[PDB]
Amino acid sequence: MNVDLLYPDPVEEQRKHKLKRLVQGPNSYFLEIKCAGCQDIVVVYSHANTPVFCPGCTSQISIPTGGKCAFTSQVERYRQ
Amino acid sequence: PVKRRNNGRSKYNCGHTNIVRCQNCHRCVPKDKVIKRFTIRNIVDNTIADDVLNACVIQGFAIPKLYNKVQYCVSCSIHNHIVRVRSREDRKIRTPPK
Amino acid sequence: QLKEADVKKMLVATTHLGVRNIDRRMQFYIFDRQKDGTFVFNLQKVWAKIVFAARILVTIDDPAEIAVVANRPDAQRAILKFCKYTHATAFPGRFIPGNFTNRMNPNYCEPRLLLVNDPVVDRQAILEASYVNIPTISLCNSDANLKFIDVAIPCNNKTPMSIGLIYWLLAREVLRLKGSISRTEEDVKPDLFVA
Amino acid sequence: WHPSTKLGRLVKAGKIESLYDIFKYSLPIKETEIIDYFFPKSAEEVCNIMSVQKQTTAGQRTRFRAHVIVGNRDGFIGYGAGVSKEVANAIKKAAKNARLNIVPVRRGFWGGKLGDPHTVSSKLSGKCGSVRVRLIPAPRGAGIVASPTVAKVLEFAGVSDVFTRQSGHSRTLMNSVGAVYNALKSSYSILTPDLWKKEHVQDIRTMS
Amino acid sequence: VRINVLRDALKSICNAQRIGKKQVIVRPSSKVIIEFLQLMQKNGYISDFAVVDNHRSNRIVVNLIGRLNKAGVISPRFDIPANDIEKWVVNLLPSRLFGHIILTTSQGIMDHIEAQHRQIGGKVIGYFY
Amino acid sequence: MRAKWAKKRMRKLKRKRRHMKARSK
Amino acid sequence: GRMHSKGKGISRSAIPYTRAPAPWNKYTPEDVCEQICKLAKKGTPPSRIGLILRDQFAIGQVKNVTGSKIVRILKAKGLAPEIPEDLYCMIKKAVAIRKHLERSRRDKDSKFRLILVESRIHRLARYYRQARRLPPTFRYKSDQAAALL
Amino acid sequence: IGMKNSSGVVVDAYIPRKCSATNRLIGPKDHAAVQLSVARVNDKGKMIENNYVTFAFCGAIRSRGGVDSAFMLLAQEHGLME
RNA sequence: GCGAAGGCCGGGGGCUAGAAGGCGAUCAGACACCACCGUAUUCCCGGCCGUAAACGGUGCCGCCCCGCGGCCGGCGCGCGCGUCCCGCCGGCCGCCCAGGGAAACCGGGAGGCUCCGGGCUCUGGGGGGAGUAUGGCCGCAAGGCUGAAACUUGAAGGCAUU
RNA sequence: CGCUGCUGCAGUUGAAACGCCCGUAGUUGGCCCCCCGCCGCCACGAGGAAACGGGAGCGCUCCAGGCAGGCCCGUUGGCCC
């Protein structure tokens, strides 16, 4: 294999730490998710530690974690 | 020269270990350096086990085992043959042998 | 240049199954892992290794100058069949320390290039070959040190059927590459090589 | 002469000639005859002889250790070591070893580039035990500026100009002589910009 | 703390050559390291050096052809008189003809051989042989 | 422990000496 | 390395290469600046104002969507913290350990953490005083710290 | 190659081969160093074509064990065998 | 500012061991080891003291550096999916290829160093005299910290090998 | 004598990392703007006693020297520090 640097493997780059990489980059994204009461989609951080409330059901849809925020109500997937 | 990397003790990420005493000598020995061989034996010798087992009027009671952790000081261990002085080559071996 | 139906050749050989510990130097040749732990090599990489060992083999002018060594009992029949096809000197069992560095050794020898069944028990042969500018070519499983091994051949080395087959695929190509035998044609089943 | 190694046969044959072509191929030489065939130099000097002892039930058992440096006055140096119960026998072992470790010396210019090469090709560094040696390229008039033992090695080497610095228990001749040998031996493996250009029948062991 | 960026870059360059690798990545990119690599590339000790844009401090990928023995930095940047550019040559490099000390001068960062002809003296940055 | 026993001996001489200086003030 | 501990850890935040606003995000600079201003009315600290914009709203990076950082927005409105939040947060911690110390006189370990925290307040204050983000008159003492919080 | 003299004639003497993979001069006493050759072959009737590309690998490279990966890589990038 | 133990001071407490003391056996003599009794101490609160083989005999911050493991605390990836697997970050570690070193060995350095220069502090300069004398500072004391000289001497020492 | 170490010493075990942590002076500071202002820096200037040292010429019989000498640069006694 001739795999070299300046042009490295994307899969291999992901496993490496965000800052220990050719370009230090975010490991988190935004999530398009849809609640049980309201079918409109609320954009949320993937690692929100803030209490986040749905624009519809009064209770918060965000459960804060050590890594990626878990959700309490209905879930959509993959923001576009 | 330094004889052992371990320094004769298993202390890692610590500055002090709880003192224990040699069962035979009574010397205070830090827990890390004690020989610590656990033994599970039988309340009576095998030679007496047969006769005691026949004597019991209970239906199914085995001779109940005795559990003790013997912790020995280095000198007590080498004198009583719990551990042996090995060659610089075999000193590294860690697996319980025999 | 992998052909058709290796299921009855290299896959029947069990050459693909290797070992539960993988060396860093063998990572390219190996591909995927089984849940039990075994690592499985890639067969076309082993074909690219078979012809490559044959390339160095057809370079040396006298095949008896090339030697072949094994200490494994299963290996004995295979190296001898490799000796019967290509005319290469055998070194069965113990290579003998000083075989290559002692003139006073009764069997002082100087092979132009060496062939070792594994760096596991044929390791002394690879160390001595280093002292006397002798190349080393060796069949290697996943836990293999490549120190002093100039070229390596991913090879199960565990199954006698695998050791024998590797040699038959290797033996056929060196004769075909010299051109002494016909090439690209329909010969002995490697079963003769295995014991 | 009865040749044994492929090179020993070829050298008598004339198939393989000039030590420089065996050094290019970096092959060991196992018979002093090969060095004798190449060099009809009539220089070999024993650098010191030391008595050595082993305490035993009887007591000390004395054997002698001899170190001999043999050098064709220009371009090849050999330092050898040997032991035995009588000094003469040990001197023979050391001298036959010294030839069996004869090595080329690169020899370049201090900066007065014109005719013959006069100095070491670059800074030369060698280490035997404590002894560490530095050989520095020097102007043509300035000669071999070294201690009498390391100077003998340099004469036998034929490096006309050399500023040497020796650091360690240089009183140990085995180490001082070894350190200069180690420095001179590696002279032909250091890359210099003049060897930066690139390059089977030609091979010396190809002959079969 | 990372006081000398050049030293870290050049030790990585020499450590990669000692193992023998084709590409090395330098964690901090400095315009002085970029110039140092350029002087070495022109002389032919090294090949292409690529400055990846971190958007933070940047990185460098230096291609190694294998011809560099020792490249170092003299710290503190000492002040070299022109009648001393020759004294440094014998203390630092092997042979006057082979090797290059880079010294920063008002004219620019240049190898000592060039400065010696210009009759100028600067402050030494480092030794590449 | 000859070093620990030397220090104790040094101390029992220095205290004697400190007492002697105190007699003359 | 941690200033007051022999501890090495790297748990940083990696800002994206793109410094330009995201496509899904629909907030104009005024829209988020309004949120920042109402969040200051709640009294939320700029570290929280930045977090609230990141999760309830989708503006993960304020400077990408706007042209300035949260405190630059506040300073332009003259609504910035009078004492920079970092010093203020250390001062809360110093008083909190000091309160515990008032009940317990034998927590020598707690006293030690106070010396380290207090040393930071002094170090950050000298920088803040030199930058003039803090009035030159400002002095963190300790006994008077309860009033300063 | 060689160290040229002022007159323009190389003085030096023997010129050492450089290891194909790491370009470290193969020294006179590099007994570990080896210089194997790979045989090029015809399109069909694969046979030795009477010319072998020559590849040198010094003993330091050999000790690392990198020679096997470097040798495979050396052919693929240089074409030749791979 | 903190700082094991022992010690000291003013109180409390007093079981266990147990410096001192006394004792029986020893042995030429043991006053020692061993047996027995036992005061200070041990333990608590409020202060002192400022020492340890206070050790990894290895200052601190930073960089690259070769595999193969174990443990530990987070985090994420895969898969039906189990305290599974692969990684990532941080800590504790074992073995170790180079490299280094007088070796022992170290390799998460003691590597990247006679080819000697990333930054900052501390300390040493043959063995003793001597950590003494004297002055100072500190402590209730014990003593700590600082710290010589006259003079004497050909070795003292390190790590290896018979 | 690299046994004083700027070059250029050593501190795991030979002599030597303070028991720890905070900390002021002191010393040291990531990357970053091509264009100037002040720095330090470096280059070359002037201007600064000879002796001495280096050095030009000169057979005090050689020499240590001394500026002499030979029909002579404006005969010398330059020039460098």
# chains A, B, ... in the order shown; residues from 1 in each chain; ligands from 1
>>> residues_around(residues="residue A:49", least_positions_apart="4", cutoff="12 Å", atoms="only C-alpha atoms (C1' of nucleotides)", output="list in words")
residues 44, 45, 60, 61, 62, 63, 64, 65, 66, 67, 68, 69, 70 and 71 of chain A; 48, 51, 52, 54, 55 and 56 of chain G
>>> write_last_selection(atoms="N, CA and C atoms", output="PDB file, in the first residue's frame")
ATOM      1  N   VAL A  44     -30.966  20.494  16.687  1.00  0.00           N
ATOM      2  CA  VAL A  44     -30.344  20.447  18.039  1.00  0.00           C
ATOM      3  C   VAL A  44     -28.883  20.021  17.902  1.00  0.00           C
ATOM      4  N   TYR A  45     -28.045  20.375  18.874  1.00  0.00           N
ATOM      5  CA  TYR A  45     -26.641  19.896  18.853  1.00  0.00           C
ATOM      6  C   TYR A  45     -26.655  18.391  19.142  1.00  0.00           C
ATOM      7  N   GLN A  60     -38.775  18.964  28.288  1.00  0.00           N
ATOM      8  CA  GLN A  60     -37.530  19.042  27.491  1.00  0.00           C
ATOM      9  C   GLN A  60     -37.359  17.775  26.657  1.00  0.00           C
ATOM     10  N   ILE A  61     -36.908  17.914  25.409  1.00  0.00           N
ATOM     11  CA  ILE A  61     -36.626  16.712  24.573  1.00  0.00           C
ATOM     12  C   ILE A  61     -35.153  16.292  24.726  1.00  0.00           C
ATOM     13  N   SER A  62     -34.313  17.115  25.359  1.00  0.00           N
ATOM     14  CA  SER A  62     -32.860  16.805  25.498  1.00  0.00           C
ATOM     15  C   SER A  62     -32.506  16.196  26.860  1.00  0.00           C
ATOM     16  N   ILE A  63     -31.860  15.020  26.894  1.00  0.00           N
ATOM     17  CA  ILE A  63     -31.346  14.467  28.186  1.00  0.00           C
ATOM     18  C   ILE A  63     -29.818  14.584  28.135  1.00  0.00           C
ATOM     19  N   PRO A  64     -29.182  15.402  29.001  1.00  0.00           N
ATOM     20  CA  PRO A  64     -27.740  15.649  28.905  1.00  0.00           C
ATOM     21  C   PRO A  64     -26.838  14.470  29.293  1.00  0.00           C
ATOM     22  N   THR A  65     -25.769  14.234  28.526  1.00  0.00           N
ATOM     23  CA  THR A  65     -24.932  13.045  28.829  1.00  0.00           C
ATOM     24  C   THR A  65     -23.445  13.392  28.875  1.00  0.00           C
ATOM     25  N   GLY A  66     -22.605  12.374  29.057  1.00  0.00           N
ATOM     26  CA  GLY A  66     -21.165  12.626  29.008  1.00  0.00           C
ATOM     27  C   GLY A  66     -20.735  12.842  27.584  1.00  0.00           C
ATOM     28  N   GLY A  67     -21.381  12.196  26.624  1.00  0.00           N
ATOM     29  CA  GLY A  67     -21.005  12.514  25.237  1.00  0.00           C
ATOM     30  C   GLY A  67     -22.133  13.102  24.435  1.00  0.00           C
ATOM     31  N   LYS A  68     -22.845  12.263  23.680  1.00  0.00           N
ATOM     32  CA  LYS A  68     -23.909  12.742  22.762  1.00  0.00           C
ATOM     33  C   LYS A  68     -25.256  12.816  23.473  1.00  0.00           C
ATOM     34  N   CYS A  69     -25.950  13.949  23.341  1.00  0.00           N
ATOM     35  CA  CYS A  69     -27.247  14.157  24.029  1.00  0.00           C
ATOM     36  C   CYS A  69     -28.246  13.073  23.641  1.00  0.00           C
ATOM     37  N   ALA A  70     -28.861  12.430  24.637  1.00  0.00           N
ATOM     38  CA  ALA A  70     -29.904  11.415  24.362  1.00  0.00           C
ATOM     39  C   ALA A  70     -31.251  12.135  24.291  1.00  0.00           C
ATOM     40  N   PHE A  71     -32.251  11.538  23.649  1.00  0.00           N
ATOM     41  CA  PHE A  71     -33.530  12.267  23.476  1.00  0.00           C
ATOM     42  C   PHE A  71     -34.659  11.538  24.215  1.00  0.00           C
TER      43      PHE A  71
ATOM     44  N   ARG G  48     -22.676  30.800  29.297  1.00  0.00           N
ATOM     45  CA  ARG G  48     -24.039  30.256  29.064  1.00  0.00           C
ATOM     46  C   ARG G  48     -24.687  30.925  27.844  1.00  0.00           C
ATOM     47  N   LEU G  51     -23.568  28.971  24.992  1.00  0.00           N
ATOM     48  CA  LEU G  51     -24.164  27.614  25.005  1.00  0.00           C
ATOM     49  C   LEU G  51     -25.639  27.686  24.600  1.00  0.00           C
ATOM     50  N   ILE G  52     -26.400  28.665  25.093  1.00  0.00           N
ATOM     51  CA  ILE G  52     -27.867  28.678  24.798  1.00  0.00           C
ATOM     52  C   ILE G  52     -28.073  28.866  23.293  1.00  0.00           C
ATOM     53  N   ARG G  54     -26.054  27.908  21.040  1.00  0.00           N
ATOM     54  CA  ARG G  54     -25.609  26.653  20.378  1.00  0.00           C
ATOM     55  C   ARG G  54     -26.678  25.564  20.381  1.00  0.00           C
ATOM     56  N   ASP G  55     -27.397  25.395  21.483  1.00  0.00           N
ATOM     57  CA  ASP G  55     -28.312  24.226  21.572  1.00  0.00           C
ATOM     58  C   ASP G  55     -29.788  24.569  21.336  1.00  0.00           C
ATOM     59  N   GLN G  56     -30.363  25.562  22.016  1.00  0.00           N
ATOM     60  CA  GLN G  56     -31.788  25.861  21.713  1.00  0.00           C
ATOM     61  C   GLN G  56     -31.878  26.451  20.311  1.00  0.00           C
TER      62      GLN G  56
END
>>> interface_residues(of="chain G", to="chain E", cutoff="12 Å", atoms="only C-alpha atoms", output="ChimeraX atom specification")
/G:1,14-19
>>> write_last_selection(atoms="N, CA, C and O atoms", output="compact mmCIF listing (two decimals), in the first residue's frame")
# COMPACT_ATOMS: atom_id res chain seq x y z
N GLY G 1 -0.18 21.75 30.34
CA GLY G 1 -0.26 21.16 31.69
C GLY G 1 -1.03 22.07 32.62
O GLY G 1 -0.87 23.29 32.51
N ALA G 14 -13.03 21.95 19.05
CA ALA G 14 -12.41 22.13 17.73
C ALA G 14 -13.33 22.96 16.84
O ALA G 14 -14.25 22.38 16.25
N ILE G 15 -13.03 24.25 16.68
CA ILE G 15 -13.84 25.16 15.82
C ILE G 15 -13.69 24.70 14.37
O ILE G 15 -12.60 24.24 14.00
N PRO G 16 -14.75 24.76 13.54
CA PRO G 16 -14.69 24.25 12.17
C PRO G 16 -13.80 25.09 11.25
O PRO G 16 -13.54 26.23 11.58
N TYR G 17 -13.33 24.53 10.14
CA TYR G 17 -12.54 25.34 9.18
C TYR G 17 -13.44 26.44 8.62
O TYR G 17 -13.00 27.59 8.52
N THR G 18 -14.68 26.08 8.30
CA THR G 18 -15.60 27.07 7.71
C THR G 18 -15.86 28.14 8.76
O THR G 18 -16.20 27.78 9.90
N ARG G 19 -15.66 29.41 8.40
CA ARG G 19 -15.91 30.53 9.34
C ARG G 19 -17.17 31.21 8.83
O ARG G 19 -17.46 32.34 9.28
>>> interface_residues(of="chain H", to="chain E", cutoff="8 Å", atoms="only C-alpha atoms", output="number ranges by chain")
H: 22-24
>>> closest_atom_pairs(of="chain E", to="chain D", cutoff="7 Å", atoms="only C-alpha atoms", output="Markdown table")
| residue | atom | partner | partner_atom | distance |
| --- | --- | --- | --- | --- |
| E:67 | CA | D:191 | CA | 6.6 |
| E:94 | CA | D:123 | CA | 4.7 |
| E:95 | CA | D:122 | CA | 5.1 |
| E:96 | CA | D:111 | CA | 6.2 |
| E:97 | CA | D:111 | CA | 6.4 |
>>> write_last_selection(atoms="N, CA and C atoms", output="PDB file, in the first residue's frame")
ATOM      1  N   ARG E  67      18.901  12.070   2.286  1.00  0.00           N
ATOM      2  CA  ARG E  67      20.312  12.530   2.174  1.00  0.00           C
ATOM      3  C   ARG E  67      20.739  13.414   3.346  1.00  0.00           C
ATOM      4  N   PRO E  94      30.784  19.180   9.283  1.00  0.00           N
ATOM      5  CA  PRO E  94      31.911  18.343   8.863  1.00  0.00           C
ATOM      6  C   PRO E  94      32.459  18.728   7.480  1.00  0.00           C
ATOM      7  N   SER E  95      33.644  19.340   7.411  1.00  0.00           N
ATOM      8  CA  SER E  95      34.318  19.778   6.152  1.00  0.00           C
ATOM      9  C   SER E  95      33.765  21.112   5.662  1.00  0.00           C
ATOM     10  N   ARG E  96      34.651  21.990   5.192  1.00  0.00           N
ATOM     11  CA  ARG E  96      34.228  23.340   4.734  1.00  0.00           C
ATOM     12  C   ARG E  96      33.355  23.236   3.474  1.00  0.00           C
ATOM     13  N   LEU E  97      33.687  22.292   2.593  1.00  0.00           N
ATOM     14  CA  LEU E  97      32.972  22.107   1.302  1.00  0.00           C
ATOM     15  C   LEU E  97      31.568  21.510   1.428  1.00  0.00           C
TER      16      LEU E  97
END
>>> interface_residues(of="chain I", to="chain D", cutoff="8 Å", atoms="only C-alpha atoms (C1' of nucleotides)", output="ChimeraX atom specification")
/I:102,114-115,162
>>> write_last_selection(atoms="N, CA, C and O atoms (P, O5', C5', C4', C3', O3' and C1' of nucleotides)", output="PDB file, in the first residue's frame")
ATOM      1  P     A I 102      30.192   5.175  28.449  1.00  0.00           P
ATOM      2  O5'   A I 102      30.449   3.707  29.000  1.00  0.00           O
ATOM      3  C5'   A I 102      31.731   3.093  28.851  1.00  0.00           C
ATOM      4  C4'   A I 102      31.939   2.100  29.958  1.00  0.00           C
ATOM      5  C3'   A I 102      30.730   1.228  30.264  1.00  0.00           C
ATOM      6  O3'   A I 102      30.733   0.070  29.448  1.00  0.00           O
ATOM      7  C1'   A I 102      31.607   2.117  32.275  1.00  0.00           C
ATOM      8  P     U I 114      26.844  12.186  19.664  1.00  0.00           P
ATOM      9  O5'   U I 114      28.173  13.036  19.469  1.00  0.00           O
ATOM     10  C5'   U I 114      28.687  13.830  20.548  1.00  0.00           C
ATOM     11  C4'   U I 114      29.824  14.683  20.056  1.00  0.00           C
ATOM     12  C3'   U I 114      30.862  13.956  19.209  1.00  0.00           C
ATOM     13  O3'   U I 114      31.423  14.912  18.325  1.00  0.00           O
ATOM     14  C1'   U I 114      31.915  14.855  21.082  1.00  0.00           C
ATOM     15  P     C I 115      31.770  14.590  16.768  1.00  0.00           P
ATOM     16  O5'   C I 115      31.023  15.755  15.982  1.00  0.00           O
ATOM     17  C5'   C I 115      30.001  16.537  16.616  1.00  0.00           C
ATOM     18  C4'   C I 115      28.684  16.371  15.897  1.00  0.00           C
ATOM     19  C3'   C I 115      27.459  16.255  16.798  1.00  0.00           C
ATOM     20  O3'   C I 115      26.395  17.054  16.303  1.00  0.00           O
ATOM     21  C1'   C I 115      27.457  14.518  15.220  1.00  0.00           C
ATOM     22  P     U I 162      32.312 -15.166  35.328  1.00  0.00           P
ATOM     23  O5'   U I 162      33.777 -15.761  35.176  1.00  0.00           O
ATOM     24  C5'   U I 162      34.166 -16.918  35.918  1.00  0.00           C
ATOM     25  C4'   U I 162      35.615 -16.824  36.312  1.00  0.00           C
ATOM     26  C3'   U I 162      35.958 -17.447  37.648  1.00  0.00           C
ATOM     27  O3'   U I 162      35.989 -18.873  37.582  1.00  0.00           O
ATOM     28  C1'   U I 162      36.951 -15.326  37.533  1.00  0.00           C
TER      29        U I 162
END
>>> interface_residues(of="chain C", to="chain I", cutoff="10 Å", atoms="only C-alpha atoms (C1' of nucleotides)", output="ChimeraX atom specification")
/C:21-25,35,147
>>> write_last_selection(atoms="C-alpha atoms", output="PDB file, in the first residue's frame")
ATOM      1  CA  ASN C  21      -2.038 -12.673  17.065  1.00  0.00           C
ATOM      2  CA  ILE C  22      -1.169 -10.285  14.166  1.00  0.00           C
ATOM      3  CA  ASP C  23       2.204  -8.583  13.580  1.00  0.00           C
ATOM      4  CA  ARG C  24       2.296  -4.950  12.369  1.00  0.00           C
ATOM      5  CA  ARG C  25       4.442  -6.030   9.369  1.00  0.00           C
ATOM      6  CA  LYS C  35     -15.174 -13.762  16.122  1.00  0.00           C
ATOM      7  CA  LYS C 147      13.921  -9.027  11.107  1.00  0.00           C
TER       8      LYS C 147
END
>>> interface_residues(of="chain A", to="chain C", cutoff="12 Å", atoms="only C-alpha atoms", output="list in words")
residues 1, 2 and 3 of chain A
>>> residues_around(residues="residue H:15", least_positions_apart="4", cutoff="12 Å", atoms="only C-alpha atoms (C1' of nucleotides)", output="number ranges by chain")
D: 20-26, 104-106, 187-192, 194-199; H: 1-3, 10-11, 25-28
>>> residues_around(residues="residue I:57", least_positions_apart="6", cutoff="12 Å", atoms="only C-alpha atoms (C1' of nucleotides)", output="ChimeraX atom specification")
/B:1-2,7 /J:11-13,16-17
>>> interface_residues(of="chain E", to="chain I", cutoff="12 Å", atoms="only C-alpha atoms (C1' of nucleotides)", output="ChimeraX atom specification")
/E:1-19,24-28,69-78,91-94,124-129
>>> atom_distance(atom1="atom CA of residue D:3", atom2="atom CA of residue D:157")
28.3 Å
>>> residues_around(residues="residue E:60", least_positions_apart="3", cutoff="7 Å", atoms="only C-alpha atoms (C1' of nucleotides)", output="list in words")
residues 25, 26, 29, 49, 50, 51 and 52 of chain E
>>> write_last_selection(atoms="N, CA, C and O atoms", output="PDB file, in the first residue's frame")
ATOM      1  N   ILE E  25       5.079  14.893   9.325  1.00  0.00           N
ATOM      2  CA  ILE E  25       4.181  16.063   9.573  1.00  0.00           C
ATOM      3  C   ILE E  25       4.712  16.859  10.764  1.00  0.00           C
ATOM      4  O   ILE E  25       4.904  16.251  11.825  1.00  0.00           O
ATOM      5  N   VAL E  26       4.900  18.170  10.599  1.00  0.00           N
ATOM      6  CA  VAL E  26       5.432  19.040  11.686  1.00  0.00           C
ATOM      7  C   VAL E  26       4.239  19.747  12.332  1.00  0.00           C
ATOM      8  O   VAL E  26       3.495  20.402  11.595  1.00  0.00           O
ATOM      9  N   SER E  29       3.565  25.274  12.248  1.00  0.00           N
ATOM     10  CA  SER E  29       4.182  25.877  11.034  1.00  0.00           C
ATOM     11  C   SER E  29       4.616  27.312  11.309  1.00  0.00           C
ATOM     12  O   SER E  29       3.754  28.133  11.635  1.00  0.00           O
ATOM     13  N   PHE E  49       7.950  20.402   0.559  1.00  0.00           N
ATOM     14  CA  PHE E  49       7.397  20.554   1.925  1.00  0.00           C
ATOM     15  C   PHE E  49       6.034  21.223   1.793  1.00  0.00           C
ATOM     16  O   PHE E  49       5.967  22.286   1.175  1.00  0.00           O
ATOM     17  N   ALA E  50       4.976  20.616   2.329  1.00  0.00           N
ATOM     18  CA  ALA E  50       3.614  21.152   2.092  1.00  0.00           C
ATOM     19  C   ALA E  50       2.972  21.746   3.347  1.00  0.00           C
ATOM     20  O   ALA E  50       2.772  20.991   4.291  1.00  0.00           O
ATOM     21  N   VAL E  51       2.566  23.019   3.316  1.00  0.00           N
ATOM     22  CA  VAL E  51       2.002  23.657   4.540  1.00  0.00           C
ATOM     23  C   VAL E  51       0.476  23.499   4.562  1.00  0.00           C
ATOM     24  O   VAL E  51      -0.213  24.318   3.934  1.00  0.00           O
ATOM     25  N   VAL E  52      -0.036  22.507   5.292  1.00  0.00           N
ATOM     26  CA  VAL E  52      -1.507  22.319   5.420  1.00  0.00           C
ATOM     27  C   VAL E  52      -2.060  23.492   6.220  1.00  0.00           C
ATOM     28  O   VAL E  52      -1.404  23.894   7.183  1.00  0.00           O
TER      29      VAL E  52
END
>>> select_by_dssp(residues="chain E", states="helix (DSSP H, G or I)", output="PyMOL selection string")
chain E and resi 5-19+31-43+82-92+112-118
>>> residues_around(residues="stretch 53-61 of chain C", least_positions_apart="3", cutoff="9 Å", atoms="only C-alpha atoms (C1' of nucleotides)", output="ChimeraX atom specification")
/C:48-50,64-66,112-113,137-138,151-153,170-171,173-175,177-178 /D:206-208 /H:36-41,47-48,52,81
>>> residues_around(residues="residue B:66", least_positions_apart="5", cutoff="6 Å", atoms="only C-alpha atoms (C1' of nucleotides)", output="list in words")
residues 40, 41, 42 and 43 of chain B
>>> write_last_selection(atoms="N, CA and C atoms", output="compact mmCIF listing (two decimals), in the first residue's frame")
# COMPACT_ATOMS: atom_id res chain seq x y z
N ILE B 40 -6.24 -22.98 51.54
CA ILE B 40 -7.57 -23.53 51.91
C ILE B 40 -7.27 -24.99 52.21
N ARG B 41 -7.37 -25.39 53.47
CA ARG B 41 -7.01 -26.77 53.86
C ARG B 41 -8.27 -27.43 54.39
N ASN B 42 -8.13 -28.49 55.18
CA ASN B 42 -9.30 -29.22 55.70
C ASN B 42 -9.21 -29.16 57.22
N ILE B 43 -10.34 -29.17 57.93
CA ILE B 43 -10.27 -28.97 59.41
C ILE B 43 -9.41 -30.08 60.03
>>> closest_residue(among="D:14, D:135, D:8, D:30", to="chain C", atoms="only C-alpha atoms")
D:30
>>> closest_residue(among="B:94, B:63, B:82, B:51", to="chain I", atoms="only C-alpha atoms (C1' of nucleotides)")
B:94
